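S.K.: So that we are looking at the same thing, I have put the structure below in structure tokens.
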Amino acid sequence: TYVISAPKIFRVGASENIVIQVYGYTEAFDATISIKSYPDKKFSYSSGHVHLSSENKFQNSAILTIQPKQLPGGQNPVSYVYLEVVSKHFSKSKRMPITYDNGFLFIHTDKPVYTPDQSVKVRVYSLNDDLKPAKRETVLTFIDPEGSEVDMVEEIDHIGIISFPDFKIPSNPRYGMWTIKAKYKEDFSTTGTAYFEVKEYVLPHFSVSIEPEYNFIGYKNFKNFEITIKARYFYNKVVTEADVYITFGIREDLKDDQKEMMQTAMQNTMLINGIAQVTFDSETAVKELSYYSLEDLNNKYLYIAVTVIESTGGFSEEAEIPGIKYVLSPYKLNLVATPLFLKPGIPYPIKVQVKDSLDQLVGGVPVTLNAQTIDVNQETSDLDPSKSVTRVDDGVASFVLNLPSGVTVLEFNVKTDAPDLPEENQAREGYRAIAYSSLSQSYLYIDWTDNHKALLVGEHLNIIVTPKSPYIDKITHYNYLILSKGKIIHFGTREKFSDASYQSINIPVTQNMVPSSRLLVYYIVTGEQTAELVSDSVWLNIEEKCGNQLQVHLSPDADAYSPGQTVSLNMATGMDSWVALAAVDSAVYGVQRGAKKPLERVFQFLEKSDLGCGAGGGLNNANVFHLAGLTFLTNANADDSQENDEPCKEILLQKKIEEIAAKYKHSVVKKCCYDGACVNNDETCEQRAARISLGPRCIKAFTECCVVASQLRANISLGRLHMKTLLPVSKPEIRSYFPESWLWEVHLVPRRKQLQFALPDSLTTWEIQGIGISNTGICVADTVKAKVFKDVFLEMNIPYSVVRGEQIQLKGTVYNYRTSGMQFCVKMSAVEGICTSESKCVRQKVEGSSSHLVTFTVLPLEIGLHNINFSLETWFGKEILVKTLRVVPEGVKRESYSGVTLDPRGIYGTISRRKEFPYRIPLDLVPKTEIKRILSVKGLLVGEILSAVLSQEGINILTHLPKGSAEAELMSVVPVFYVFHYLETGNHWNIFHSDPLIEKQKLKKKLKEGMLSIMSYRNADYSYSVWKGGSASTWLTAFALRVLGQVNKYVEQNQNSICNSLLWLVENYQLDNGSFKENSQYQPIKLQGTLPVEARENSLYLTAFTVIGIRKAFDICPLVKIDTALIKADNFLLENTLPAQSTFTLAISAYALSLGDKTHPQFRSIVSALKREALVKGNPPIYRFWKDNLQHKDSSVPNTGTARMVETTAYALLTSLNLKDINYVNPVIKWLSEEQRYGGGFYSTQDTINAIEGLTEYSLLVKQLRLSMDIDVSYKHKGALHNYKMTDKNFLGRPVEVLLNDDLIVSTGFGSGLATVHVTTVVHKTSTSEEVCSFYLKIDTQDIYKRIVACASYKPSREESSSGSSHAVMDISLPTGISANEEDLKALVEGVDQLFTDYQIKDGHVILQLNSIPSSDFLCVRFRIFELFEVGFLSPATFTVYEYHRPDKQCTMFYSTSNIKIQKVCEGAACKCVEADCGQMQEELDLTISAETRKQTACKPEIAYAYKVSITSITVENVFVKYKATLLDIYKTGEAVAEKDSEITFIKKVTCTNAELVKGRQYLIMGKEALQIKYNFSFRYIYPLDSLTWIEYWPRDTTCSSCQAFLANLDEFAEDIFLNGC
Amino acid sequence: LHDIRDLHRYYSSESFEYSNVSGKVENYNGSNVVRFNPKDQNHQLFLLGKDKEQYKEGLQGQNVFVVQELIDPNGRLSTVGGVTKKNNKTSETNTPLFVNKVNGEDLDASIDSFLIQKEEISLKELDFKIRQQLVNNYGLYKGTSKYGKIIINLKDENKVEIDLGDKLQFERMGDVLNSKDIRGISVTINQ
Ligand SMILES: *[C@@H]1O[C@H](CO)[C@@H](O[C@@H]2O[C@H](CO)[C@@H](O)[C@H](O)[C@H]2NC(C)=O)[C@H](O)[C@H]1NC(C)=O
Ligand SMILES: *[C@@H]1O[C@H](CO)[C@@H](O)[C@H](O)[C@H]1NC(C)=O
């Protein structure tokens, strides 16, 4: 008979292995095979002429191979084909399914967790069916955590290490589980998938740790679990009092972003001295709280997450434990290479294998084996139970039961008999075995032994062929067959030993078998009735020997490196190979890097191409061959494969509110009550409910739960009370950063290559991994950690900025990481403009593995001045750190209105070859501060907009306007888009002296990365939304469309998205008149009018706007349904503009029609309307523009432009520019290109996009004009400043800060072209009194520690509606060193009661944004602030609030964060320096409110002592030197030599008119330690006496000029210090 | 020349390959002999294949699979054949290639692969890697392993054999081969 083996499936592009081997007599005979198509044997893709003979034992092999044929998408092509073989003696073939999976996609993201703005490194290792390079073109597609695509890109496969382009995480991304999929561009269904998690980084206030009783939960504890949390500041000093909030929850796994929390999660065991603890009764805490009533029912995770809010500062810190596996039984059995089919007469083996809750092998466990059986005679048998014990080296507990030939199904249970494990938690498993049924009564059994868990390649497998049973022994030859990675790779024949039963077959283990393999062995048995094939088979796990041993090594093999060391790394291979380095901050993975495996991670996956299944052995010679992964081709036995195919799988008081979730009926109501009660005592419940929009459905859920929690706070409870009910809202925050990775290069290493480099200056354990791929396959190498780190180092905390003549406290901490302690000595460098206490080596001691606070007080008089060197000294180290100090003035206005259009050729209405900008000093100028002003001269009307995009990298907004809105994310793409549009659509790419083609790549990019930027604000329905998670705004959806449509010209945007984004407005938000309704409450503009008028107007404004959008973008989705809509819309506008209500309204209406049919008679009417409305400067027109009003001609165009002014005129200009109205428009752009400020469109956003578009689109419509002026910028009286020939070569020259105090003069020669002079002049004034207030404000600092309460009301302009403002922002400057309360603010925006919609602390400013500032009354933010450091005579910051879209509404106000008085005099600054820093003697007597101030002035870490003493020596005589005092009692032991009773001096020189200790009196003293001048012939120490020393009279007067109430406390304080320690 | 111990020492050796090497003939004895300065010494090369009677003139920078057959103390090493075109296309073919071990009635066979790293390839170099592989992965030249025949396929009806019992094929070591032509190798080992 013949046998022709082959896989169960074929694969396209797959070299399909097919052995043929046969029992034919002597006559040699040819054998050809090939692949032919379903029922017509016409197509034959390939074949093979492989001629066996008695020489080849009649056996052979062929590489058939079905390539690409049927490509028709939709046709179910390819499904099924025909295998064929040919000879002289027979011919036979087969119908057998096939597939499009060829190879493997391996997605190597550099690290697996990112934070906003990091750049994801990525590459792809890809292999084919043959685990070789597999060159192809591949395509991935990142998928945001919500499951919409977001990007895409293909790339070419030169070697197998496809290298894709970095994917920049959004400025403010969609936080959570990302997914990168990858597919083969061309044919082939093969799929890669990978993930990464985008979490939101937050700065940590103090280290919160959390440690659980043990690492799994087990029957033992489950009525308890000692979870210990430990809080501590970075300054080596534990938290004291703290408020702790721990909430638990269950969990399916650790790829599950979600987990069902659980009510009654203990609150407050207030942290206390750096620790708190609670035990967690899991039994209770799950039952009624989830489907989990038996612990049994639970072999999933327990989630813990604490929130520790510091009691003193009021800060807050969160921490979590992802999960903690629950466990029934701490062992886990699993059979081991023990096939589940019994051959009869053979004794059945059952090696079980015990493992611990940590998947290591565990020996010496006893294991019982009960088993159960029925006869073919249909009789049962309840076996006697056997017990063995698990081997020690093996982990295996091996059994064997001898089975009565007539056995059929055997059923076994298997358990551990831990003598100390209770019955329940004993570990168990069950299995079932069934007989190789064969009517020839014939069977087969093969096995083999080897004492170790893996067959080393090179070894030799002796494997025992026992044919037992077959009614007879007429066996000719035994034949085997070995597959691996889905392919047969060996096959052969041993002659059967005529005499005896069994023999051995000795197969070498070959490198081709490397991950594993299977073999199957058959003899062909001639039963008299019919030929029987018979065989058994076994799965062979073998050693993960690589093909190319790649091994990486570091040159200095030392286990620690210097933060900067140059160091050579080595590659290694036994065969030329491709490498692929990477150096991740090892810390990402870190926390229990689950054992699993490193290189087995890939091997596991990459061998699910093992078609087969099981430990081995079938059930029919079919089954046997089946599970092998094969179906075979042999006329004798049914080569069948019972239907379909075998999806084989792994056989081889706040609780009182929390009950009121009883009004579930939607998630949003949950959140409604939850954040409903939260904590709001500054307004009533129904005051908050008012602000609720989400739906009167949850308003009850809000007022209900709120009152409940409000009365409750009267009952749970100094004046410290703060309710809560934690829920991070399921947001992935992450209080630790992870540095960008490196060494991400590929390399060609022929057996060797070495490539030095010094590793990055940074405290990081660099795990530097390095996979390789070559013609053997993929081989990840053993990693190589390379932590770098410096032993001791200092950091200083400099502030952002300080005002001139504010006295600043400059802290820092010095790091000891050596195992022992040591001595340092940090000294700061006196830089010219900065006062200080030196006219010094204050050597301290740092306890080992810790850090000693450092500080310095300074005080700058010179503005802007920077630079301070810092130094420290250690026995074996002296190191210098440099720093730079931003110094500022007070209240900052910049007036730019100066500019010119240089027009030498009079093109524009006259000849501009001069403008003088002079000095104008505003009588509000802050003394001794120079007037800064910048000059920005460029060719082209479109030259600012060009210099802005090609002088700075990375896309950027064009104003000071705050990033909260989605609108700001959109406005970022703008200036690139317009630049790229003007650059490309007017071919001007030849501007570039450089390579233009690549300058173009850059902009496409800038354009794309910027486009994605917005996605976070894309909702699920395709509707975009103003801010994140904010109800869809009909408005921003349009504007998004508008800007998308625009950028589609040059960067294709996703069609399907844009369709639905479009299909959203029109299907839901177009009234039965054709106008569009806005959905959310977002007020974008405030229009003028009566309450009725407005709504009318407002409606136009939207409908016009949303047209321009659909209009702008319509072209990527011309869609019958939305053309209708466009018209019904267009209709309303024609039918509803023309009794024009505002010029602004008109203009959009106009520009919007302008983008459709621009001949409807009516349109021409409107354009008439509009065109009639305009105004003009000089006769004839040299300037035209429109004013916002409409023919109400108050005519206050008060020498000043305006966000809305520039807006409307851009709408006119844009309408006109459409109707190629060329001449009209000139004086219009003369006035824009002289309005826009240095850099870009100054007034707000919305105009600036239009005005830019205008400016561009016109410089496009009208021809350019070869630049060739000869500009000259020059001081009226001072010598000439610069002057340069302008040309099309350079026109976007440098700016220039005009230094000198003189009138300036730009002044081009004759020449030609158009150069825009802008000159944007900044100045600081002391006052607002002058300015125009559009908002009523109030602000001050409350004490009920300290907190800010800022308010505002909108002052309506005449004609205006009483509703209050449009989308607006409040902007509070914080006083120098006074952090705001992040959490307080989060509180305001983050709730259904949201008062604000967006907070942010940028550069020393809290910055809030909401849709309105009602005039009805005031609107108040409040939030608390902590004196981050000691500032000394602080100048005020400012509380400003303007309207986003019309900044012309800037009410500004100075305020201060403290009431502190106290006098001096001080001239030109030489005053606050003759007083170095010297100390302060608190006033005699004292006011109540101090038991709190007195303690705190103690252990504050800058207090290296606190000890009461009295002056025994202050030499009355003049010229005599410094103090010395006798100590009386020590509260905090100074870190210096002397003990209670001794005298210790006190030093200070120079005039200090600010404290005089009276000799013979006992002053209490508090400050840092004494300065050691260690030794140059023997002496001492003592102290500074600075500005936070609390030198203070101890009036032990006990009766004097009637003292008291100050002694009660110093006698209090006194016996209070030592005990409360610190 | 024949023996089992030796054939395990010559084919396990360090192979090398060179290019951009141009030289000008001199005949030592029979017909030819050459030399080249590789960057460390000064070698030698014996041309004597049927392709040499077309090249008694000299080498224009070809590819020379310079593996040592014997050596001089100065490091220079004699060699035979191994020359290829240059500019030699850096094509990389993954070729079929079987291996059946005979043991009288027994046969342990395996389907496999060979990697041809060029466009045209010298039968010397073809034979050196065809045996280097058997020596390190199929138990060649170690015990009863030493006799056999390599049947290279080249077209429906052609084959170039190589007895394994001896490396006496100095003169065809000049022959050259088209990479893409080779349909599939097939070895049979008789122990
Ligand atoms: C601290 O600051 C001073 C002033 O900048 C640094 O002085 C410079 O040192 C470098 C190296 O010798 C010189 O090239 C510069 O010219 C110096 N600057 C000037 C103009 O004084 C000094 O290096 C810093 N201290 C240390 C040790 O780095
Ligand atoms: C709160 O009110 C309840 C009911 O009036 C009262 O019994 C209880 O004393 C109060 N709670 C506490 C602990 O002060």
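Just remember, in the structure tokens the first chain shown is A, the second B, etc., residues are 1-based per chain, and ligands are 1-based in the order shown.
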Quick one: which residues from chain B are at most 7 Å off chain A, using only C-alpha atoms, as a VMD selection string?

M.R.: chain B and resid 105 to 111

S.K.: Got time to write the residues from that selection, N, CA, C and O atoms, as a short mmCIF file (atom, residue, chain, number, x, y, z; two decimals), in the first residue's frame?

M.R.:
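Generated output (again_33.cif):
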data_model
loop_
_atom_site.label_atom_id
_atom_site.label_comp_id
_atom_site.auth_asym_id
_atom_site.auth_seq_id
_atom_site.Cartn_x
_atom_site.Cartn_y
_atom_site.Cartn_z
N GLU B 105 18.45 -1.76 5.52
CA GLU B 105 17.01 -1.73 5.36
C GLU B 105 16.42 -0.48 6.00
O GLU B 105 15.26 -0.14 5.77
N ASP B 106 17.24 0.18 6.81
CA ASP B 106 16.82 1.36 7.56
C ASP B 106 17.04 2.67 6.78
O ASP B 106 17.94 2.77 5.94
N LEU B 107 16.20 3.67 7.06
CA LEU B 107 16.32 5.00 6.48
C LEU B 107 15.76 6.07 7.40
O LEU B 107 14.54 6.16 7.60
N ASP B 108 16.65 6.89 7.94
CA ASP B 108 16.27 8.08 8.69
C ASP B 108 16.44 9.30 7.80
O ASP B 108 17.54 9.83 7.65
N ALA B 109 15.33 9.73 7.22
CA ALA B 109 15.32 10.83 6.26
C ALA B 109 14.77 12.13 6.86
O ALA B 109 14.07 12.12 7.87
N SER B 110 15.10 13.24 6.21
CA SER B 110 14.72 14.56 6.68
C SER B 110 14.69 15.51 5.49
O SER B 110 15.62 15.52 4.68
N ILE B 111 13.61 16.30 5.36
CA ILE B 111 13.57 17.37 4.36
C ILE B 111 14.23 18.58 5.01
O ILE B 111 14.10 18.79 6.22
#

S.K.: If DSSP is run on the backbone, what residues of stretch 89-135 of chain B are strand (DSSP E or B)? A reply as a list in words would be ideal.

M.R.: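 Filtering stretch 89-135 of chain B to strand (DSSP E or B) leaves residues 93, 94, 95, 97, 98, 99, 100, 101, 102, 103, 106, 107, 108, 109, 110, 111, 114, 115, 116, 120, 121 and 122 of chain B.
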
S.K.: Could you produce a table of the residues of chain A lying within 9 Å of ligand 1, with the nearest pair of atoms per residue and their separation in Å rounded to one decimal, using only C-alpha atoms and all ligand atoms, ordered by chain and increasing residue number, as a tab-separated table?

M.R.:
residue	atom	partner	partner_atom_place_in_ligand_line	distance
A:829	CA	ligand 1	1 (C)	7.6
A:831	CA	ligand 1	4 (C)	8.7
A:867	CA	ligand 1	2 (O)	7.5
A:868	CA	ligand 1	2 (O)	7.2
A:869	CA	ligand 1	1 (C)	4.7
A:870	CA	ligand 1	1 (C)	7.7
A:871	CA	ligand 1	27 (C)	7.9
A:879	CA	ligand 1	27 (C)	7.4
A:880	CA	ligand 1	27 (C)	5.1
A:881	CA	ligand 1	28 (O)	6.9
A:882	CA	ligand 1	1 (C)	6.2

S.K.: Keeping only N, CA, C and O atoms, write the selected residues to a file as a compact mmCIF listing (two decimals), in the first residue's frame.

M.R.:
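To be explicit, this is the file written out as out04.txt:
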# COMPACT_ATOMS: atom_id res chain seq x y z
N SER A 829 26.87 80.33 44.85
CA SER A 829 27.72 81.35 44.26
C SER A 829 27.07 82.73 44.12
O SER A 829 26.11 82.91 43.37
N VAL A 831 26.19 85.74 42.61
CA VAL A 831 26.22 86.33 41.28
C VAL A 831 25.75 87.77 41.30
O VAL A 831 24.75 88.10 41.94
N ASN A 867 21.48 82.68 36.71
CA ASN A 867 22.72 81.99 37.07
C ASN A 867 23.10 82.04 38.55
O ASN A 867 23.29 83.11 39.13
N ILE A 868 23.20 80.86 39.13
CA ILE A 868 23.70 80.67 40.48
C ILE A 868 24.40 79.32 40.46
O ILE A 868 23.78 78.30 40.12
N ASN A 869 25.70 79.31 40.74
CA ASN A 869 26.45 78.06 40.83
C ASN A 869 26.16 77.46 42.22
O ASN A 869 26.05 78.20 43.19
N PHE A 870 26.02 76.13 42.31
CA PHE A 870 25.88 75.46 43.59
C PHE A 870 26.95 74.40 43.67
O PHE A 870 27.26 73.76 42.68
N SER A 871 27.53 74.23 44.85
CA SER A 871 28.66 73.32 45.02
C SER A 871 28.46 72.49 46.29
O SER A 871 27.81 72.94 47.23
N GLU A 879 31.51 68.66 43.72
CA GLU A 879 30.70 68.69 42.51
C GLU A 879 30.00 70.03 42.35
O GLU A 879 29.54 70.62 43.34
N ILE A 880 29.90 70.52 41.11
CA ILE A 880 29.24 71.81 40.86
C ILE A 880 28.04 71.76 39.92
O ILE A 880 28.13 71.34 38.77
N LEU A 881 26.91 72.23 40.45
CA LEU A 881 25.64 72.27 39.75
C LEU A 881 25.27 73.71 39.47
O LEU A 881 25.22 74.53 40.39
N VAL A 882 25.01 74.03 38.19
CA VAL A 882 24.52 75.38 37.83
C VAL A 882 23.03 75.43 37.48
O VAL A 882 22.46 74.48 36.93

S.K.: Could you check how far atom CA of residue A:127 sits from atom CA of residue B:112, in Å to one decimal?

M.R.: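 Interatomic distance, atom CA of residue A:127 to atom CA of residue B:112: 17.6 Å.
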
S.K.: Mind listing the helix (DSSP H, G or I) residues of stretch 70-175 of chain B, per DSSP on the backbone, as a PyMOL selection string?

M.R.: chain B and resi 123-137

S.K.: Figure out the distance between atom CA of residue A:1409 and atom CA of residue A:1098, please, to one decimal in Å.

M.R.: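 Straight-line distance from atom CA of residue A:1098 to atom CA of residue A:1409 works out to 21.3 Å.
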
S.K.: Just want the 8 Å neighbourhood of stretch 176-182 of chain B, counted on only C-alpha atoms, with same-chain residues fewer than 5 positions away dropped. Output as a ChimeraX atom specification.

M.R.: /B:83-84,93,95,116,118-123,152-155

S.K.: Counting only C-alpha atoms and all ligand atoms, give me one row per residue of chain A with an atom at most 9 Å from an atom of ligand 2, showing the shortest contact pair and its distance in Å to one decimal, sorted by chain then residue number, as CSV.

M.R.:
residue,atom,partner,partner_atom_place_in_ligand_line,distance
A:711,CA,ligand 2,1 (C),8.6
A:712,CA,ligand 2,1 (C),7.5
A:713,CA,ligand 2,1 (C),8.8
A:714,CA,ligand 2,1 (C),6.6
A:715,CA,ligand 2,11 (N),3.9
A:716,CA,ligand 2,13 (C),5.4
A:717,CA,ligand 2,14 (O),5.8

S.K.: Could you write those residues out with N, CA and C atoms, as a PDB file, in the first residue's frame?

M.R.:
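Final output, saved to out.pdb:
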ATOM      1  N   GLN A 711     -26.241  66.410  55.964  1.00  0.00           N
ATOM      2  CA  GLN A 711     -26.686  66.290  57.348  1.00  0.00           C
ATOM      3  C   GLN A 711     -25.723  65.357  58.072  1.00  0.00           C
ATOM      4  N   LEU A 712     -25.202  64.387  57.333  1.00  0.00           N
ATOM      5  CA  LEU A 712     -24.285  63.415  57.896  1.00  0.00           C
ATOM      6  C   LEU A 712     -23.006  64.064  58.410  1.00  0.00           C
ATOM      7  N   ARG A 713     -22.564  65.145  57.780  1.00  0.00           N
ATOM      8  CA  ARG A 713     -21.304  65.747  58.208  1.00  0.00           C
ATOM      9  C   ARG A 713     -21.477  66.520  59.509  1.00  0.00           C
ATOM     10  N   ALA A 714     -22.729  66.738  59.897  1.00  0.00           N
ATOM     11  CA  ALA A 714     -23.028  67.383  61.167  1.00  0.00           C
ATOM     12  C   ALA A 714     -22.877  66.391  62.313  1.00  0.00           C
ATOM     13  N   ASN A 715     -22.854  65.105  61.969  1.00  0.00           N
ATOM     14  CA  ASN A 715     -22.914  64.021  62.954  1.00  0.00           C
ATOM     15  C   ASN A 715     -21.640  63.187  63.159  1.00  0.00           C
ATOM     16  N   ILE A 716     -20.823  63.045  62.118  1.00  0.00           N
ATOM     17  CA  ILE A 716     -19.548  62.335  62.251  1.00  0.00           C
ATOM     18  C   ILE A 716     -18.613  63.165  63.118  1.00  0.00           C
ATOM     19  N   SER A 717     -18.960  64.443  63.258  1.00  0.00           N
ATOM     20  CA  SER A 717     -18.137  65.416  63.964  1.00  0.00           C
ATOM     21  C   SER A 717     -18.992  66.564  64.498  1.00  0.00           C
TER      22      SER A 717
END

S.K.: Hey, can you check how far atom CA of residue A:1138 sits from atom CA of residue A:1104?

M.R.: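 Taking atom CA of residue A:1138 as the start and atom CA of residue A:1104 as the end point, the length is 13.0 Å.
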
S.K.: So which residues touch residue B:21 within 10 Å, counting only C-alpha atoms, skipping near sequence neighbours fewer than 5 positions away, as a short mmCIF file (atom, residue, chain, number, x, y, z; two decimals) with C-alpha atoms, in the first residue's frame?

M.R.:
data_model
loop_
_atom_site.label_atom_id
_atom_site.label_comp_id
_atom_site.auth_asym_id
_atom_site.auth_seq_id
_atom_site.Cartn_x
_atom_site.Cartn_y
_atom_site.Cartn_z
CA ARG B 35 48.60 35.43 -5.74
CA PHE B 36 46.93 38.24 -3.75
CA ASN B 37 47.58 40.61 -0.83
CA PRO B 38 44.44 40.20 1.39
CA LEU B 59 41.55 37.77 -12.93
CA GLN B 60 39.49 40.94 -13.27
CA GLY B 61 38.14 41.57 -9.75
CA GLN B 62 36.02 38.43 -9.33
CA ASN B 63 34.64 36.68 -6.24
CA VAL B 64 36.94 34.00 -4.87
CA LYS B 86 31.50 40.01 -9.66
#

S.K.: Counting only C-alpha atoms, which of A:853, A:162, A:1169, A:1485 gets nearest to residue A:134?

M.R.: A:162

S.K.: List the neighbours of residue B:151 out to 9 Å using only C-alpha atoms; skip same-chain residues closer than 5 positions along the sequence, and give me the result as a short mmCIF file (atom, residue, chain, number, x, y, z; two decimals) with N, CA and C atoms, in the first residue's frame.

M.R.:
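Wrote it out as result-v7.cif, contents follow:
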data_model
loop_
_atom_site.label_atom_id
_atom_site.label_comp_id
_atom_site.auth_asym_id
_atom_site.auth_seq_id
_atom_site.Cartn_x
_atom_site.Cartn_y
_atom_site.Cartn_z
N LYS B 159 21.76 16.50 -13.47
CA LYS B 159 22.23 16.45 -12.10
C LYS B 159 23.76 16.35 -12.00
N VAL B 160 24.34 17.12 -11.09
CA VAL B 160 25.78 17.08 -10.81
C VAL B 160 26.10 16.41 -9.47
N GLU B 161 26.67 15.20 -9.52
CA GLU B 161 26.93 14.41 -8.32
C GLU B 161 28.29 14.68 -7.68
N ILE B 162 28.42 14.34 -6.40
CA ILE B 162 29.69 14.46 -5.68
C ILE B 162 29.88 13.32 -4.69
N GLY B 184 16.45 21.61 -6.68
CA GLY B 184 16.51 21.04 -5.34
C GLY B 184 17.55 19.96 -5.16
N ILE B 185 18.40 20.12 -4.15
CA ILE B 185 19.38 19.10 -3.75
C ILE B 185 18.75 17.87 -3.06
N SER B 186 19.45 16.75 -3.14
CA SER B 186 19.00 15.51 -2.52
C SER B 186 20.21 14.61 -2.24
N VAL B 187 20.51 14.40 -0.95
CA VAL B 187 21.63 13.55 -0.52
C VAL B 187 21.15 12.18 -0.03
N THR B 188 22.02 11.18 -0.15
CA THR B 188 21.75 9.85 0.39
C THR B 188 23.03 9.33 1.03
#

S.K.: Just the residues within 8 Å of residue A:45, please, counting only C-alpha atoms, with nothing from its chain fewer than 6 positions along; format it as a PyMOL selection string.

M.R.: chain A and resi 34-36+65-67

S.K.: Hey, can you spit out that residue selection with C-alpha atoms as an mmCIF file, in the first residue's frame?

M.R.:
data_model
loop_
_atom_site.group_PDB
_atom_site.id
_atom_site.type_symbol
_atom_site.label_atom_id
_atom_site.label_comp_id
_atom_site.auth_asym_id
_atom_site.auth_seq_id
_atom_site.Cartn_x
_atom_site.Cartn_y
_atom_site.Cartn_z
ATOM 1 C CA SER A 34 0.951 18.764 -7.459
ATOM 2 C CA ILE A 35 -1.784 21.176 -6.395
ATOM 3 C CA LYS A 36 -5.073 21.352 -8.368
ATOM 4 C CA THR A 65 3.177 25.508 -2.946
ATOM 5 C CA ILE A 66 -0.075 27.335 -3.600
ATOM 6 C CA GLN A 67 0.789 30.934 -4.415
#

S.K.: If you count only C-alpha atoms, which residues fall within 8 Å of residue A:1268, apart from same-chain ones fewer than 4 positions away, as a list in words?

M.R.: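 Contacts, in chain order: residues 1285, 1286, 1287, 1288, 1311, 1312 and 1313 of chain A.
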